[PDB]
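Next up, query.cif (mmCIF, C-alpha atoms; chains and numbers go by the auth columns):
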```
data_query
#
loop_
_atom_site.group_PDB
_atom_site.id
_atom_site.type_symbol
_atom_site.label_atom_id
_atom_site.label_comp_id
_atom_site.label_asym_id
_atom_site.label_seq_id
_atom_site.Cartn_x
_atom_site.Cartn_y
_atom_site.Cartn_z
_atom_site.B_iso_or_equiv
_atom_site.auth_seq_id
_atom_site.auth_asym_id
ATOM 1 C CA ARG A 1 148.211 132.912 143.385 0.00 2 H
ATOM 2 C CA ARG A 2 151.816 131.976 144.150 0.00 3 H
ATOM 3 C CA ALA A 3 154.903 130.442 142.521 0.00 4 H
ATOM 4 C CA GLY A 4 157.507 128.264 144.182 0.00 5 H
ATOM 5 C CA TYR A 5 159.740 125.251 143.589 0.00 6 H
ATOM 6 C CA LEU A 6 160.754 121.870 144.930 0.00 7 H
ATOM 7 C CA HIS A 7 164.202 120.358 144.423 0.00 8 H
ATOM 8 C CA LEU A 8 163.569 116.820 143.224 0.00 9 H
ATOM 9 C CA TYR A 9 165.738 114.389 141.254 0.00 10 H
ATOM 10 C CA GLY A 10 168.372 117.078 140.831 0.00 11 H
ATOM 11 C CA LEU A 11 165.860 119.444 139.209 0.00 12 H
ATOM 12 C CA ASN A 12 163.912 122.412 140.610 0.00 13 H
ATOM 13 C CA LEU A 13 160.281 121.727 139.667 0.00 14 H
ATOM 14 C CA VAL A 14 158.353 124.983 139.584 0.00 15 H
ATOM 15 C CA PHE A 15 154.668 125.201 140.433 0.00 16 H
ATOM 16 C CA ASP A 16 151.766 127.460 141.355 0.00 17 H
ATOM 17 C CA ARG A 17 149.750 127.131 144.556 0.00 18 H
ATOM 18 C CA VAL A 18 146.351 128.587 145.418 0.00 19 H
ATOM 19 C CA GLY A 19 143.388 127.787 147.603 0.00 20 H
ATOM 20 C CA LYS A 20 142.943 125.964 150.891 0.00 21 H
ATOM 21 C CA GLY A 21 141.536 122.499 151.509 0.00 22 H
ATOM 22 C CA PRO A 22 142.250 118.940 150.397 0.00 23 H
ATOM 23 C CA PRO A 23 145.158 118.916 147.910 0.00 24 H
ATOM 24 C CA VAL A 24 144.703 118.478 144.144 0.00 25 H
ATOM 25 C CA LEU A 25 147.473 118.383 141.556 0.00 26 H
ATOM 26 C CA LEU A 26 146.802 119.976 138.157 0.00 27 H
ATOM 27 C CA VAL A 27 149.055 118.415 135.606 0.00 28 H
ATOM 28 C CA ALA A 28 149.649 119.637 132.081 0.00 29 H
ATOM 29 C CA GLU A 29 152.941 120.651 130.411 0.00 30 H
ATOM 30 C CA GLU A 30 152.852 123.701 132.648 0.00 31 H
ATOM 31 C CA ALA A 31 150.641 125.883 134.858 0.00 32 H
ATOM 32 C CA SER A 32 149.492 128.030 131.910 0.00 33 H
ATOM 33 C CA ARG A 33 147.244 125.241 130.612 0.00 34 H
ATOM 34 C CA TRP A 34 144.812 125.832 133.498 0.00 35 H
ATOM 35 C CA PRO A 35 143.445 129.322 132.809 0.00 36 H
ATOM 36 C CA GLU A 36 139.910 128.815 134.172 0.00 37 H
ATOM 37 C CA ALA A 37 138.769 130.170 137.493 0.00 38 H
ATOM 38 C CA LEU A 38 139.389 127.386 140.001 0.00 39 H
ATOM 39 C CA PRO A 39 136.873 126.404 142.734 0.00 40 H
ATOM 40 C CA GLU A 40 137.094 127.260 146.438 0.00 41 H
ATOM 41 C CA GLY A 41 137.778 124.555 149.002 0.00 42 H
ATOM 42 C CA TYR A 42 140.820 122.886 147.444 0.00 43 H
ATOM 43 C CA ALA A 43 144.573 123.304 147.721 0.00 44 H
ATOM 44 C CA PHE A 44 145.650 123.425 144.063 0.00 45 H
ATOM 45 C CA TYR A 45 149.204 122.795 142.874 0.00 46 H
ATOM 46 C CA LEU A 46 149.845 123.565 139.186 0.00 47 H
ATOM 47 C CA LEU A 47 153.095 121.885 138.094 0.00 48 H
ATOM 48 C CA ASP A 48 155.421 122.939 135.269 0.00 49 H
ATOM 49 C CA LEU A 49 156.788 119.575 134.179 0.00 50 H
ATOM 50 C CA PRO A 50 160.522 119.201 133.556 0.00 51 H
ATOM 51 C CA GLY A 51 161.365 120.614 130.139 0.00 52 H
ATOM 52 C CA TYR A 52 158.374 122.966 129.918 0.00 53 H
ATOM 53 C CA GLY A 53 157.345 126.357 131.221 0.00 54 H
ATOM 54 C CA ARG A 54 159.519 127.533 134.101 0.00 55 H
ATOM 55 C CA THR A 55 161.022 124.174 134.982 0.00 56 H
ATOM 56 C CA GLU A 56 164.447 123.631 133.438 0.00 57 H
ATOM 57 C CA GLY A 57 165.091 120.056 132.437 0.00 58 H
ATOM 58 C CA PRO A 58 165.364 117.558 129.611 0.00 59 H
ATOM 59 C CA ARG A 59 162.438 116.162 127.647 0.00 60 H
ATOM 60 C CA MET A 60 161.492 112.849 129.280 0.00 61 H
ATOM 61 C CA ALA A 61 159.109 110.041 128.405 0.00 62 H
ATOM 62 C CA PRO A 62 155.666 109.863 130.155 0.00 63 H
ATOM 63 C CA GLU A 63 156.631 107.202 132.739 0.00 64 H
ATOM 64 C CA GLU A 64 159.676 109.163 133.905 0.00 65 H
ATOM 65 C CA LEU A 65 157.501 112.274 134.189 0.00 66 H
ATOM 66 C CA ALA A 66 154.966 110.362 136.254 0.00 67 H
ATOM 67 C CA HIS A 67 157.664 109.687 138.882 0.00 68 H
ATOM 68 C CA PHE A 68 158.257 113.400 139.155 0.00 69 H
ATOM 69 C CA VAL A 69 154.588 113.865 139.950 0.00 70 H
ATOM 70 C CA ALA A 70 154.485 110.977 142.441 0.00 71 H
ATOM 71 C CA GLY A 71 157.687 112.377 143.907 0.00 72 H
ATOM 72 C CA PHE A 72 156.146 115.801 144.315 0.00 73 H
ATOM 73 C CA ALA A 73 153.118 114.400 146.193 0.00 74 H
ATOM 74 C CA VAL A 74 155.207 112.649 148.806 0.00 75 H
ATOM 75 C CA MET A 75 157.910 115.313 149.272 0.00 76 H
ATOM 76 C CA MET A 76 155.263 117.966 149.868 0.00 77 H
ATOM 77 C CA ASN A 77 153.344 115.627 152.186 0.00 78 H
ATOM 78 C CA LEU A 78 150.130 115.770 150.158 0.00 79 H
ATOM 79 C CA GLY A 79 149.544 112.069 150.735 0.00 80 H
ATOM 80 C CA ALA A 80 147.539 110.747 147.807 0.00 81 H
ATOM 81 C CA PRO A 81 146.099 113.833 146.026 0.00 82 H
ATOM 82 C CA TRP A 82 143.891 113.484 142.973 0.00 83 H
ATOM 83 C CA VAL A 83 145.662 114.313 139.738 0.00 84 H
ATOM 84 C CA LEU A 84 143.819 116.204 136.979 0.00 85 H
ATOM 85 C CA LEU A 85 145.413 115.821 133.546 0.00 86 H
ATOM 86 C CA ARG A 86 145.658 117.986 130.442 0.00 87 H
ATOM 87 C CA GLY A 87 147.781 118.108 127.304 0.00 88 H
ATOM 88 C CA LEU A 88 151.018 116.192 127.888 0.00 89 H
ATOM 89 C CA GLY A 89 149.514 115.335 131.263 0.00 90 H
ATOM 90 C CA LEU A 90 147.098 112.892 129.652 0.00 91 H
ATOM 91 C CA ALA A 91 149.928 110.508 128.755 0.00 92 H
ATOM 92 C CA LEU A 92 150.897 110.257 132.457 0.00 93 H
ATOM 93 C CA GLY A 93 147.537 108.838 133.516 0.00 94 H
ATOM 94 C CA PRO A 94 148.282 105.130 133.306 0.00 95 H
ATOM 95 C CA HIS A 95 151.698 105.470 134.932 0.00 96 H
ATOM 96 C CA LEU A 96 150.328 107.624 137.753 0.00 97 H
ATOM 97 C CA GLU A 97 147.759 104.921 138.442 0.00 98 H
ATOM 98 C CA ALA A 98 150.477 102.308 138.886 0.00 99 H
ATOM 99 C CA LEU A 99 152.181 104.670 141.316 0.00 100 H
ATOM 100 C CA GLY A 100 149.119 104.913 143.520 0.00 101 H
ATOM 101 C CA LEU A 101 147.724 108.254 142.331 0.00 102 H
ATOM 102 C CA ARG A 102 144.204 108.451 140.908 0.00 103 H
ATOM 103 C CA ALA A 103 144.311 110.224 137.546 0.00 104 H
ATOM 104 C CA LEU A 104 141.404 112.282 136.287 0.00 105 H
ATOM 105 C CA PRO A 105 141.438 113.479 132.655 0.00 106 H
ATOM 106 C CA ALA A 106 140.350 117.116 132.504 0.00 107 H
ATOM 107 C CA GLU A 107 140.934 117.858 128.830 0.00 108 H
ATOM 108 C CA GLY A 108 138.333 120.293 127.576 0.00 109 H
ATOM 109 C CA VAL A 109 136.529 120.414 130.909 0.00 110 H
ATOM 110 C CA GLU A 110 136.848 122.949 133.727 0.00 111 H
ATOM 111 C CA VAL A 111 138.312 121.829 137.079 0.00 112 H
ATOM 112 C CA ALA A 112 135.125 122.895 138.904 0.00 113 H
ATOM 113 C CA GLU A 113 133.040 120.519 136.775 0.00 114 H
ATOM 114 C CA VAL A 114 135.453 117.605 137.170 0.00 115 H
ATOM 115 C CA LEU A 115 135.629 117.817 140.954 0.00 116 H
ATOM 116 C CA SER A 116 131.822 118.125 141.057 0.00 117 H
ATOM 117 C CA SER A 117 131.044 115.268 138.696 0.00 118 H
ATOM 118 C CA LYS A 118 133.471 112.963 140.520 0.00 119 H
ATOM 119 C CA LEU A 119 132.210 113.928 143.989 0.00 120 H
ATOM 120 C CA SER A 120 129.114 116.154 144.036 0.00 121 H
ATOM 121 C CA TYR A 121 125.854 114.436 145.072 0.00 122 H
ATOM 122 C CA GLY A 122 126.720 111.002 143.688 0.00 123 H
ATOM 123 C CA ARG B 1 176.081 102.745 162.170 0.00 2 P
ATOM 124 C CA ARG B 2 174.270 105.947 163.127 0.00 3 P
ATOM 125 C CA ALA B 3 170.580 105.792 163.966 0.00 4 P
ATOM 126 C CA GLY B 4 168.200 108.305 162.461 0.00 5 P
ATOM 127 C CA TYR B 5 164.546 109.020 161.760 0.00 6 P
ATOM 128 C CA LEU B 6 162.379 110.319 158.944 0.00 7 P
ATOM 129 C CA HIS B 7 158.805 111.540 159.441 0.00 8 P
ATOM 130 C CA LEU B 8 156.941 109.950 156.537 0.00 9 P
ATOM 131 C CA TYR B 9 153.245 109.292 155.877 0.00 10 P
ATOM 132 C CA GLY B 10 152.498 110.330 159.446 0.00 11 P
ATOM 133 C CA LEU B 11 155.034 107.950 160.959 0.00 12 P
ATOM 134 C CA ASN B 12 158.595 108.270 162.273 0.00 13 P
ATOM 135 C CA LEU B 13 160.552 105.628 160.436 0.00 14 P
ATOM 136 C CA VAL B 14 163.795 104.809 162.242 0.00 15 P
ATOM 137 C CA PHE B 15 166.780 103.617 160.233 0.00 16 P
ATOM 138 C CA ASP B 16 170.492 102.952 160.639 0.00 17 P
ATOM 139 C CA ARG B 17 173.041 104.421 158.264 0.00 18 P
ATOM 140 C CA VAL B 18 176.651 103.514 157.417 0.00 19 P
ATOM 141 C CA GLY B 19 179.022 104.118 154.531 0.00 20 P
ATOM 142 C CA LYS B 20 179.560 106.542 151.686 0.00 21 P
ATOM 143 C CA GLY B 21 178.952 106.140 147.974 0.00 22 P
ATOM 144 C CA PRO B 22 175.948 104.923 145.898 0.00 23 P
ATOM 145 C CA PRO B 23 172.944 104.594 148.178 0.00 24 P
ATOM 146 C CA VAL B 24 171.627 101.152 149.020 0.00 25 P
ATOM 147 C CA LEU B 25 168.563 100.217 150.977 0.00 26 P
ATOM 148 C CA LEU B 26 168.539 97.103 153.131 0.00 27 P
ATOM 149 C CA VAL B 27 164.942 96.235 153.878 0.00 28 P
ATOM 150 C CA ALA B 28 163.748 93.517 156.235 0.00 29 P
ATOM 151 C CA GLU B 29 161.514 93.784 159.342 0.00 30 P
ATOM 152 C CA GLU B 30 164.127 96.032 160.913 0.00 31 P
ATOM 153 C CA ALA B 31 167.868 96.849 161.006 0.00 32 P
ATOM 154 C CA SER B 32 169.217 94.081 163.244 0.00 33 P
ATOM 155 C CA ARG B 33 168.472 91.498 160.567 0.00 34 P
ATOM 156 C CA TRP B 34 171.616 92.708 158.819 0.00 35 P
ATOM 157 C CA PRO B 35 174.317 91.497 161.289 0.00 36 P
ATOM 158 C CA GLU B 36 177.017 91.006 158.641 0.00 37 P
ATOM 159 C CA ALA B 37 179.861 93.456 158.108 0.00 38 P
ATOM 160 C CA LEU B 38 178.816 95.701 155.222 0.00 39 P
ATOM 161 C CA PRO B 39 181.225 96.606 152.384 0.00 40 P
ATOM 162 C CA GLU B 40 182.775 100.054 151.965 0.00 41 P
ATOM 163 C CA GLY B 41 181.778 102.145 148.990 0.00 42 P
ATOM 164 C CA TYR B 42 178.011 102.292 149.557 0.00 43 P
ATOM 165 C CA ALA B 43 175.771 104.448 151.694 0.00 44 P
ATOM 166 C CA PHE B 44 173.605 101.830 153.348 0.00 45 P
ATOM 167 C CA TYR B 45 170.223 102.655 154.883 0.00 46 P
ATOM 168 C CA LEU B 46 168.775 99.925 157.092 0.00 47 P
ATOM 169 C CA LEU B 47 165.072 100.482 157.686 0.00 48 P
ATOM 170 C CA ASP B 48 162.937 99.489 160.645 0.00 49 P
ATOM 171 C CA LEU B 49 159.609 98.956 158.862 0.00 50 P
ATOM 172 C CA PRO B 50 156.410 100.442 160.421 0.00 51 P
ATOM 173 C CA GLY B 51 155.229 98.175 163.225 0.00 52 P
ATOM 174 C CA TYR B 52 158.613 96.572 163.726 0.00 53 P
ATOM 175 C CA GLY B 53 161.723 97.395 165.747 0.00 54 P
ATOM 176 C CA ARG B 54 162.008 101.092 166.528 0.00 55 P
ATOM 177 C CA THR B 55 159.277 102.230 164.136 0.00 56 P
ATOM 178 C CA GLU B 56 155.876 102.757 165.779 0.00 57 P
ATOM 179 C CA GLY B 57 153.205 101.756 163.289 0.00 58 P
ATOM 180 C CA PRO B 58 150.330 99.523 162.282 0.00 59 P
ATOM 181 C CA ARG B 59 150.716 96.161 160.541 0.00 60 P
ATOM 182 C CA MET B 60 150.406 96.850 156.765 0.00 61 P
ATOM 183 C CA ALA B 61 150.248 94.834 153.541 0.00 62 P
ATOM 184 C CA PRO B 62 153.409 94.319 151.444 0.00 63 P
ATOM 185 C CA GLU B 63 152.167 96.592 148.711 0.00 64 P
ATOM 186 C CA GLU B 64 151.553 99.295 151.325 0.00 65 P
ATOM 187 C CA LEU B 65 155.011 98.817 152.862 0.00 66 P
ATOM 188 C CA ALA B 66 156.638 99.008 149.391 0.00 67 P
ATOM 189 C CA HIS B 67 155.146 102.484 149.235 0.00 68 P
ATOM 190 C CA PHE B 68 156.960 103.510 152.405 0.00 69 P
ATOM 191 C CA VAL B 69 160.234 102.247 151.000 0.00 70 P
ATOM 192 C CA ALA B 70 159.726 104.182 147.762 0.00 71 P
ATOM 193 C CA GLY B 71 158.605 107.177 149.789 0.00 72 P
ATOM 194 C CA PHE B 72 161.781 106.912 151.875 0.00 73 P
ATOM 195 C CA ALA B 73 164.044 106.894 148.831 0.00 74 P
ATOM 196 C CA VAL B 74 162.649 110.041 147.188 0.00 75 P
ATOM 197 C CA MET B 75 162.227 111.776 150.546 0.00 76 P
ATOM 198 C CA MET B 76 165.903 111.174 151.330 0.00 77 P
ATOM 199 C CA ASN B 77 166.938 112.216 147.825 0.00 78 P
ATOM 200 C CA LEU B 78 168.416 108.781 147.141 0.00 79 P
ATOM 201 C CA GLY B 79 167.445 108.573 143.476 0.00 80 P
ATOM 202 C CA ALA B 80 166.782 104.963 142.433 0.00 81 P
ATOM 203 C CA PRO B 81 168.661 102.853 144.997 0.00 82 P
ATOM 204 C CA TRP B 82 168.751 99.065 144.868 0.00 83 P
ATOM 205 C CA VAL B 83 166.743 97.431 147.624 0.00 84 P
ATOM 206 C CA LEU B 84 168.163 94.253 149.191 0.00 85 P
ATOM 207 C CA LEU B 85 165.496 92.096 150.896 0.00 86 P
ATOM 208 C CA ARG B 86 165.370 89.673 153.802 0.00 87 P
ATOM 209 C CA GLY B 87 162.584 88.248 155.951 0.00 88 P
ATOM 210 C CA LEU B 88 159.390 90.299 155.694 0.00 89 P
ATOM 211 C CA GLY B 89 161.091 92.495 153.106 0.00 90 P
ATOM 212 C CA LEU B 90 161.012 89.703 150.497 0.00 91 P
ATOM 213 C CA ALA B 91 157.247 90.046 150.189 0.00 92 P
ATOM 214 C CA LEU B 92 157.790 93.634 148.970 0.00 93 P
ATOM 215 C CA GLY B 93 159.941 92.811 145.936 0.00 94 P
ATOM 216 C CA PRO B 94 157.251 92.753 143.172 0.00 95 P
ATOM 217 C CA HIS B 95 155.503 95.901 144.389 0.00 96 P
ATOM 218 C CA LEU B 96 158.882 97.634 144.725 0.00 97 P
ATOM 219 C CA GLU B 97 159.859 96.853 141.154 0.00 98 P
ATOM 220 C CA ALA B 98 156.500 98.186 139.993 0.00 99 P
ATOM 221 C CA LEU B 99 157.260 101.461 141.783 0.00 100 P
ATOM 222 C CA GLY B 100 160.564 101.706 139.927 0.00 101 P
ATOM 223 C CA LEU B 101 163.034 100.320 142.469 0.00 102 P
ATOM 224 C CA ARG B 102 165.123 97.222 141.786 0.00 103 P
ATOM 225 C CA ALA B 103 164.721 94.582 144.462 0.00 104 P
ATOM 226 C CA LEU B 104 167.394 92.012 145.167 0.00 105 P
ATOM 227 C CA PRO B 105 166.798 89.046 147.498 0.00 106 P
ATOM 228 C CA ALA B 106 169.535 88.681 150.118 0.00 107 P
ATOM 229 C CA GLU B 107 167.934 85.887 152.082 0.00 108 P
ATOM 230 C CA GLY B 108 170.847 83.459 152.116 0.00 109 P
ATOM 231 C CA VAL B 109 173.747 85.724 151.188 0.00 110 P
ATOM 232 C CA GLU B 110 175.690 88.440 152.995 0.00 111 P
ATOM 233 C CA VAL B 111 175.222 91.881 151.453 0.00 112 P
ATOM 234 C CA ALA B 112 178.795 92.165 150.141 0.00 113 P
ATOM 235 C CA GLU B 113 178.453 88.968 148.137 0.00 114 P
ATOM 236 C CA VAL B 114 175.042 90.049 146.836 0.00 115 P
ATOM 237 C CA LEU B 115 176.390 93.373 145.487 0.00 116 P
ATOM 238 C CA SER B 116 179.701 92.103 144.120 0.00 117 P
ATOM 239 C CA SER B 117 177.873 89.207 142.488 0.00 118 P
ATOM 240 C CA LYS B 118 175.027 91.242 140.949 0.00 119 P
ATOM 241 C CA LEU B 119 177.419 93.932 139.748 0.00 120 P
ATOM 242 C CA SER B 120 180.111 91.604 138.397 0.00 121 P
ATOM 243 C CA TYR B 121 178.323 88.472 137.181 0.00 122 P
ATOM 244 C CA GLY B 122 175.929 88.655 134.284 0.00 123 P
#
```
Produce structure tokens that represent the structure in this file.
Amino acid sequence: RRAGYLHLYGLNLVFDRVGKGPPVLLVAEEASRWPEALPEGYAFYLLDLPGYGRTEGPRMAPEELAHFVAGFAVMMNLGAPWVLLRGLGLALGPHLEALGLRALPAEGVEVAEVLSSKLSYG
Amino acid sequence: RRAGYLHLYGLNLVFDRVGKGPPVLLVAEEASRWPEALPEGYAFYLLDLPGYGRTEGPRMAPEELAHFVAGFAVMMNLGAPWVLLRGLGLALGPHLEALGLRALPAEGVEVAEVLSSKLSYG
């Protein structure tokens, strides 16, 4: 696994990367909320949202946070990756949708099962 | 006015730039639709939308084009710049606002009057 950061909106948003394949954003308060073994075949980006984990920043409302996530997708040239949500991430869902990013709640369910359900044979 | 380019969403969006200060996006089909003399104090970015002028691209819907504009702003680290509209650009207004950018119609007015009026009156 690997850590890195993107300078965006005057902040340095820290995140973890791992895997190769179509890109998928994993969004919770921070990378630590995704402990499960992730599946092969996808380029995962685990964001630490501003104000949590390793990303220094102020505490912002859900809609402001959603712009940081939409901002991340375009600045990293990920196009329109799917966004899995957990914890504080859940509250971003509606806002992400309005920004053109499909949001998939993954609270209490492993990433491997989510990507399979919403993709695998059906 | 210095010409430039930004690779975005697979395309090379050409734009003209002039001025220093708060950033301001002038969006119409392309740059030459802003003949007026622009006021000092703003960093103006005049876009040639995909498919028009110097920007090679397919004909896209207004909601799709609003995405390019938003993409341009975060990509160029412009924060939340106001977007003045003219011609084709006017159709983008609603979608732009929904993406978090304030759109101002500049159909009949020269940019300087639009900005001084919006900033000073009301």
Reference answer for the PyMOL selection byres ((chain H and resi 76-79) around 12), as a PyMOL selection string: (chain H and resi 5-10+14+16+18+22-26+44-46+68-75+80-84+102) or (chain P and resi 7-12+71-78)
Surrounding residues of residue 113 (chain H) excluding itself and chain neighbours under 6 positions, 10 Å, only C-alpha atoms, as a ChimeraX atom specification: /H:37-41
Could you save those same residues with C-alpha atoms as a short mmCIF file (atom, residue, chain, number, x, y, z; two decimals), in the frame of the given file?
```cif
data_model
loop_
_atom_site.label_atom_id
_atom_site.label_comp_id
_atom_site.auth_asym_id
_atom_site.auth_seq_id
_atom_site.Cartn_x
_atom_site.Cartn_y
_atom_site.Cartn_z
CA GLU H 37 139.91 128.82 134.17
CA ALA H 38 138.77 130.17 137.49
CA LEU H 39 139.39 127.39 140.00
CA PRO H 40 136.87 126.40 142.73
CA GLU H 41 137.09 127.26 146.44
#
```
Test item: the PyMOL selection byres ((chain H and resi 89) around 10) resolved as a ChimeraX atom specification: /H:28-31,50,63,66,86-88,90-94
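Taking CA of residue 47 (chain P) and CA of residue 27 (chain P) as the two end points, the separation is 4.9 Å.
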Shortest interatomic distance to chain H - which of P:101, P:59, P:42, P:36, counting all atoms listed in the file: P:101
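A straight line drawn from CA of residue 100 (chain H) to CA of residue 4 (chain P) is 29.2 Å long.
Interatomic distance, CA of residue 111 (chain H) against CA of residue 15 (chain H): 22.4 Å.
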Within 6 Å of file point (144.3, 129.9, 144.5), counting all atoms listed in the file, expressed as an NGL selection string: :H and (2 or 19-20)
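In terms of minimum interatomic distance to chain H, P:96 ranks closest within P:34, P:119, P:96, P:21, counting all atoms listed in the file.
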